[PDB]
Structure formats: C-alpha cells, structure tokens
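Below: one structure, written as structure tokens.
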Amino acid sequence: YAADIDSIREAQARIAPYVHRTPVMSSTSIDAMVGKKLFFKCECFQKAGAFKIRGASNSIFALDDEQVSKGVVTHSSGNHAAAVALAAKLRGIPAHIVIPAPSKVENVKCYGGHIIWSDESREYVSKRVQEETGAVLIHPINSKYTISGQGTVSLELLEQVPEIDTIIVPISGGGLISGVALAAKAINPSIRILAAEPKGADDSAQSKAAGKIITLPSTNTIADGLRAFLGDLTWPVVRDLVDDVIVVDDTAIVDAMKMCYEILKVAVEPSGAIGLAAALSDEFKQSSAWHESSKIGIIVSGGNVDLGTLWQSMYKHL
Amino acid sequence: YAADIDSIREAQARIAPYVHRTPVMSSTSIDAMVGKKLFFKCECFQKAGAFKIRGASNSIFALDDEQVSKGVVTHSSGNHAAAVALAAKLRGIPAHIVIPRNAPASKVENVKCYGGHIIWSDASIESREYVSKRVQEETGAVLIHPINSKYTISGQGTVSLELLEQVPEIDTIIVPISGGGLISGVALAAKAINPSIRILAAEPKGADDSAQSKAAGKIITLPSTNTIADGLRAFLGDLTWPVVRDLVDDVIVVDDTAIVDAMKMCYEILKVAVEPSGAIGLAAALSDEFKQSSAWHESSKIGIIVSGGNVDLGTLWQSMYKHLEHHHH
Ligand SMILES: *Cc1c(COP(=O)(O)O)cnc(C)c1O
Ligand SMILES: *Cc1c(COP(=O)(O)O)cnc(C)c1O
Ligand SMILES: [Mg+2]
Ligand SMILES: [Mg+2]
Numbered sequence: 016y017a018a019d020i021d022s023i024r025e026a027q028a029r030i031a032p033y034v035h036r037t038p039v040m041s042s043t044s045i046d047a048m049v050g051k052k053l054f055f056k057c058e059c060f061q062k063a064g065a066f067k068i069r070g071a072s073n074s075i076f077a078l079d080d081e082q083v084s085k086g087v088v089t090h091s092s093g094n095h096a097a098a099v100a101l102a103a104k105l106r107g108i109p110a111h112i113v114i115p118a119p121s122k123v124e125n126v127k128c129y130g131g132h133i134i135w136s137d141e142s143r144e145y146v147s148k149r150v151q152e153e154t155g156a157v158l159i160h161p162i163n164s165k166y167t168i169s170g171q172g173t174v175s176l177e178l179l180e181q182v183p184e185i186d187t188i189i190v191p192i193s194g195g196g197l198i199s200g201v202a203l204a205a206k207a208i209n210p211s212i213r214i215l216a217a218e219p220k221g222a223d224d225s226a227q228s229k230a231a232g233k234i235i236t237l238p239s240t241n242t243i244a245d246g247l248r249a250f251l252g253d254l255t256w257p258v259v260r261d262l263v264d265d266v267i268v269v270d271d272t273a274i275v276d277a278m279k280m281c282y283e284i285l286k287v288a289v290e291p292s293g294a295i296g297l298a299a300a301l302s303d304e305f306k307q308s309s310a311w312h313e314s315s316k317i318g319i320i321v322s323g324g325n326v327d328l329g330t331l332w333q334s335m336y337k338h339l
Numbered sequence: 016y017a018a019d020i021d022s023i024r025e026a027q028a029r030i031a032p033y034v035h036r037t038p039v040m041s042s043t044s045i046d047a048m049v050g051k052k053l054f055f056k057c058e059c060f061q062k063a064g065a066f067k068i069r070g071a072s073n074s075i076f077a078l079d080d081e082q083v084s085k086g087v088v089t090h091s092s093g094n095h096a097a098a099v100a101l102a103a104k105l106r107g108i109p110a111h112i113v114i115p116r117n118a119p120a121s122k123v124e125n126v127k128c129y130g131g132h133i134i135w136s137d138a139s140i141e142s143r144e145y146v147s148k149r150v151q152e153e154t155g156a157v158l159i160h161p162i163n164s165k166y167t168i169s170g171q172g173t174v175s176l177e178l179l180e181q182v183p184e185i186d187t188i189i190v191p192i193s194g195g196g197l198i199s200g201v202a203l204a205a206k207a208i209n210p211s212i213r214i215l216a217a218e219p220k221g222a223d224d225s226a227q228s229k230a231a232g233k234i235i236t237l238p239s240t241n242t243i244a245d246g247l248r249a250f251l252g253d254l255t256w257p258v259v260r261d262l263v264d265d266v267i268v269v270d271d272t273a274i275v276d277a278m279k280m281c282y283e284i285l286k287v288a289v290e291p292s293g294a295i296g297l298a299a300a301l302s303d304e305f306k307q308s309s310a311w312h313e314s315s316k317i318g319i320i321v322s323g324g325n326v327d328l329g330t331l332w333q334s335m336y337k338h339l340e341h342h343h344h
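Chains as they are written, first to last, in PDB author numbering: chain C, 16 to 115, 118 to 119, 121 to 137, 141 to 339; chain A, 16 to 344.
Right under this line is the structure:
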C-alpha cells in the first residue's frame, strides 16, 4: 500500500511538535442510544479546525531543504487550504493557495497563506504557479505523505482507548480512512474499519460494491467536505482494509450534528458529524459489525462551519 | 467564610466518583487578540452541561441516609434544576424540582432526562419559594441551594483545585457571576493555594448587581434585569457576598453584544458549543475595561471558566433542515 506502519510512525515523529494530540470524548446518553460504547476522536479540536494539518504537515516537513525552498502550492475550496497554509507557516516557507469558496478563506489569511484567486481554472492557475515558482504540490488525499500523516489519528486513538474494536471514519477522497485503517490494522488486525458516506455522494460505497473506482457526474450533499472521489492510492485501502461503507442521508447528518452540539457540546461541521450518523443508523444497527462490536471509535473530522444564520438572529434579537 | 480549603478538599473527594475532571483548552488566535495566554476550563463538558453538578453532588452526597430518605428539593428555571435531578439520580433518591410554568422547554427536558419529579409554579421568585416551602412541609425534603450554602460553594471550589493543578502557572481567573457560588468556591480554593492569584468576575451590563454591590460595600439588587445571559440574572446571597467583597479584585461588566461576539468566538475558534452565560468570561477578557486595567498589565496566564453549554439552538437546526431540502432540490 501507499503507506505502512513504518511511514505512519515516521509521520508521528515528524509532526509531533506541530499538531495537537486531540482529546477523546464520550457520552453515556449517546452510548445508550447506540447500545455500544462510543469514543469520539475530536479532530475538530486539531489546529485549523480539522485533521488535515497532520497530512499537510507530514508532506511539507518531509521535503528536503532544496525542495521546500521553492514553497508549496495547492488548490482547494475547503479545509485543506488552511491546513497547507499553517503547515507552511510552521515550516517557514511560502504557501501559494489557489482559491476556489465560502469562512474557509478567513482561515487561510489567519495563517498568512498567499492567496491566488481562481474562477479547469483552478488547475490552470495552480499549473501556472507551479511552472513559474517550482512550488511543490501538496495533495489533499492521494499521496504517501498525507495518508501517512492521517494515520497518526489511529496511533493516538489506540493509545488513548486500547480496547477499541471498530472505527467509523468519514470518507471523501479516502486519505483519512486509508491512514486510519493502515495504522489500526497493523496494531491489531481484528479491528474493523467502517466508512461513513452521504447518500448524495455515495461513490465509495458504489466503488466497493462494484469492485472498481466509481465516479459520479455530480454530488448532492450538505457535507461540503465529502464530495470528492477516491484516488488511485486510497481505493486499494478502501477495497481491502475497510469492511464496509455505511451510507446515510443528509437529514441523519444534521440529526447527528445536532447531537454533537447539544449532548457533547462540540461545534462540529456536518462532514465531521457523519461518523455518528453512521453509528446511529439502522443499516449499522441491523448488521453483523454491530453485533461483533463493543468499543467503537468515531472520528470527528472537523469543525469549520459557517453559523452566520445563528449569529444574525442573535444580533437581531439585540 | 462559609467554606474553606478543607471543605473544598472534602468536596473533591466526595464528588470525584460522580463528576468529570474537565479539560483545559487554549487557542493561539484568541491569545494574540488579548495579548495574554488564555486557558479555558471547560465546564460546558461537565455532566448535565454545566459546573453545577459539583455543588449539587456535594450537597446531596454529604447528607446521611435519613436526611436523604425524604428526598431533595430546589426551585430553578435553569441549569441548577437539572444538576439537582442528576445528583439525586446518582444517589438514587427523589428530587422535587420546582420549576416556573413558563421555563424554557430545553431546561425542562434536561430535568426529565434525569427523572426529576417536577412541581410546577408561577413565574415570580415568591411563587417558586412558596411552592418550594410547601414541598418541604409535605415531604421534609432537604433544600439544595443553587448559590448560597457551604456545600454548594465547596463543590464549586473543586473547579479551582482542578484548574490550578492542570495549569499551575495561572495568575488570574475570570469567572462568570450570578448568585456568586461559582466565584466564591473558585476564589476560596485558589487563594488558599495561592493568595496572590487575581480573581475577576464577569457580569452582564443588564444584570450588574455584583459590580454595584462591590462599589456600595453591601448587597445591592436591581428592579429588573435585561440580558441574553440567562444564567446570570440572580443576586448575591449572604454567604457569597463576603467572598466577593474580600477575595474578588474586580467585576468586569460587559454588554450583550460583547457576549454574543465572545460566544461566536467560542464556536468558531475553540469549537465549543457554549451557552451565552458560559462565554462571558471571554467577553471580559476581550473588553477595553479589562485591557486597560491594572490586572491586565500584571497578568500573564489567565484562566477563563467556561461555565456551561446548555443553549437552545432551535433556530440553527430549523435553518439547516430547510437548507438541506433546498440543496436536494
Ligand atoms: C476532507 C475532509 C474529510 C474527508 O477526508 P478524505 O481524506 O478526503 O476522505 C472528512 N471530514 C472533514 C471535516 C474534511 O475536511
Ligand atoms: C448559574 C450559572 C452561572 C453562575 O453561577 P453562580 O454560582 O450563580 O454565580 C454561570 N454560568 C452558567 C452556565 C450557569 O448555569
Ligand atoms: Mg463519496
Ligand atoms: Mg448580576
């Protein structure tokens, strides 16, 4: 596979000065609903509001002196942008960030990212910047270094809760779940890894059922971080090391988000709540994975969400 | 004073099996805005969504078997109602919770959630008290104070025992104030551990009786209150006032738009789903009043007590359910 336990441990050593060891939270009330013990790995509390700084940090700090000196570049409309900007700030090198985009821009400026605006056009702008500067491209999902950084989530989780027997992971490009599964399977081959995916962007579930990478002409989900398709380095992990993809609709995602805010008191983004929706779902509850499970890790992947509606009403109230 | 370091340590041992040791969080972004290092003590992650289970657990578990046999009773439209119901549930005893009939549906649900025996009342304090008195007469249940008692103050002081162990370098603590139970416990424990620690209250402009009381040199009340900080509308009690008078350096008064700004920052930067009352410590830390004060110049490492996360976000959810439909359309 594109990463392994060795590369993941190298990642952990490399990024440990720069990322938070994020907390695990639980709730007896949610536990009762599911009928199992849930452990929420809170990457919403990671630097920049999501897990992606791990992969971005590993990618950037892994570059030698010669390479990194040209800066880094990426095009992104989401959490990857801020992650690259922060990782580059920590390394001391420029980050050229081609946007787009929603708030997610403010997070890049916060880290001194050099924003180069896009309108196709994303790739052309990213392409021109690369040709002229030589800046190294940092991938949101599909590389050894970001997969490896992402797997550190599993190293921490299994230190924090060593009896975890199943892990539910949100899926988009599959970087997070690939790193998580690779690290976890290496520490304990009997751990079950399950993906959580929205109905209107259910390519990963289709892919697994079809035995081949499926792409979709469009996607239809409020889980804005979950609209990508699998890459050629992540699909093999999804195919071989992930038992199943639990598919849930957006209403279930919102229902789960509501629970995160109201019960856990964690201000997650919709994409970060989907693991809980999966754990609450009939599809999961009526399955063998459920019957065999006892202690389930849930990766709460981020918390970057625009709640401007809320604030407007409050300021209107006066 | 009504409590002391020994009471608070007895509280710690008594409640340790029943409450969460809550985490401390920080943010380099917020630190740069204040110009200081902030440490958020997250009582929003405490059982029942707030710190009050500490005081309520202490009060309930301190009782002997016969005392508790007739149950416990309180009156509250807020977080205290649920804290008493939970504490009572943890010991396996009845809780008579006197609630006004017009109390938020969310706060009633939090009581039902813990199996509280609800006794309904009219909205005035006099009504709540009249009902609370009759329940005590009919049952002999023992009254659990939200603010003004040794056991409640001692339980609240465990917040400081944790926080000062978790971040020993803390030199100032900003604490939301309403009846003054939290800040009294926090101050008594913190000062005993380190008498040079600065304790600051954070209070809404539309409910600034603690600030008025400090200036007057005795307990002052207001003819009404006017704040979105719904847990901060009470007045000081005769056991909390002495501690506020002697051990709290200053009351930082902020308006409701500052509170909303600080709540927004809690959500967007810290990723913590606080209630408005729980954000006021950050509003205080961000204020001109604080930044131009002597306390700011003297301070370096500042603890902020994030006191709770129980807030009705119905408006958010309604908009989200609407948005996902349109999105599929
Ligand atoms: C990108 C993202 C994911 C999915 O990550 P992949 O590695 O693309 O599967 C999940 N949650 C959040 C918050 C994200 O930003
Ligand atoms: C009650 C309450 C306070 C105030 O506590 P006192 O002991 O009355 O000063 C602060 N924050 C929250 C969230 C509360 O419920
Ligand atoms: Mg998908
Ligand atoms: Mg007041």
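Note that the Cβ used here is the ideal one computed from N, Cα and C, for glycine as well.
Within the stretch 323 to 336 of chain C, those residues whose Cβ lies closer than 7 Å to any Cβ of chain A are, in chain order, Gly-324, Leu-328, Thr-330, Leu-331, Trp-332, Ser-334, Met-335 and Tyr-336.
At a C-beta separation below 8 Å, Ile-243 of chain C has these neighbours in chain A: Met-335, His-338, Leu-339 and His-342.
Against chain C, a Cβ distance below 8 Å from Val-182 of chain A picks out nothing, because the smallest value is about 16 Å. Inter-segment contact for the stretch 324 to 335 of chain A and the stretch 190 to 201 of chain A is absent: fewer than three beta-carbon pairs are separated by less than 8 Å. Below the 7 Å Cβ cutoff, chain C contributes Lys-286 as neighbours of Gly-64 of chain A, in chain order.
Taking a cut-off of 8 Å for Cβ pairs, the stretch 154 to 161 of chain C and the stretch 214 to 228 of chain C do not touch, as fewer than three such pairs fall below it. Rounded to the nearest angstrom, the Cβ distance from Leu-176 of chain A to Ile-23 of chain A is 7 Å, consistent with a contact under 8 Å. A distance criterion of 8 Å places the beta-carbon of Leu-262 of chain A beyond contact range of ligand 2, judged by its closest non-hydrogen atom. Placement of the Cβ of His-95 of chain A at a distance of 8 Å or more from every heavy atom of ligand 1 is found. Within chain C, the residues whose beta carbon sits less than 8 Å from that of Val-275 of chain A are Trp-332, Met-335 and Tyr-336, listed in sequence order. About 21 Å separates the beta carbons of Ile-284 of chain C and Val-190 of chain C, which is beyond the 8 Å limit, so they are not a contact pair.
Per DSSP, the beta bridge partners of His-132 of chain C are C:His-111. Within 8 Å of the CB of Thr-272 of chain C, the CB atoms of chain A belong to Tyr-336 and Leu-339, in sequence order along the chain.
Boundaries around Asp-271 of chain C are those of the alpha helix (DSSP H), 271 to 280, since no beta strand (DSSP E) includes it. Using beta-carbon distances, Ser-292 of chain A does not count as an interface residue toward chain C, since no partner is under 9 Å. Within the stretch 204 to 256 of chain C, the complete beta strand (DSSP E) segments at least 3 residues long are 213 to 219, listed from N- to C-terminus.
A residue is called buried when at least 16 other Cβ atoms come within 10 angstroms of its Cβ; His-312 of chain A does not meet this threshold and is exposed. A distance below 9 Å separates the beta carbons of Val-87 of chain A and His-111 of chain A.
By the Cβ rule, the stretch 66 to 83 of chain C counts as touching the stretch 97 to 105 of chain C, because three or more pairs are nearer than 8 Å.
Shown here, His-343 of chain A sits in a helix according to DSSP, grouped into three states. Considering only A:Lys-127, A:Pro-257, A:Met-335 and A:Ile-235, the residue with the shortest C-alpha distance to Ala-249 of chain A is A:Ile-235. At a cut-off of 9 Å between beta carbons, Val-289 of chain A contacts chain C.
Annotation: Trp-135 of chain A to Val-113 of chain A spans about 6 Å, alpha carbon to alpha carbon. Going by DSSP, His-90 of chain A is part of the beta strand (DSSP E) stretching over 87 to 90. Under the three-state reduction of DSSP, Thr-37 of chain A is assigned to coil, being neither helix nor strand. If you draw a straight line from the Cα of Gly-232 of chain A to the Cα of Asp-224 of chain A, it comes to about 12 Å. When distances are taken from the beta-carbon of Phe-66 of chain A to the heavy atoms of ligand 2, the shortest one is below 8 Å.
Residues of chain C whose Cβ lies closer than 7 Å to the Cβ of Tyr-282 of chain A are, in chain order, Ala-288 and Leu-328. For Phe-305 of chain C, there is no enclosing beta strand (DSSP E); the residue is found in the alpha helix (DSSP H) stretching over 303 to 306. If you ignore the 5 residues before and after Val-49 of chain A, its C-beta comes within less than 8 Å of the C-beta of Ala-300, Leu-301, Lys-306 and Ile-317, all in its own chain and listed in chain order. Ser-315 of chain A sits close to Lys-52 of chain A, with the two beta carbons spaced by under 9 Å.
Near chain A, meaning a CB-to-CB distance below 7 Å, the residues of the stretch 47 to 62 of chain C are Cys-59 and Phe-60. If the five residues before and after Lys-85 of chain C are omitted, its C-beta is found closer than 8 Å to the C-beta atoms of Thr-154, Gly-155, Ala-156 and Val-157, all from its own chain and listed in chain order. Taking 8 Å as the cut-off, the C-beta of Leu-247 of chain A counts as close to a heavy atom of ligand 2.
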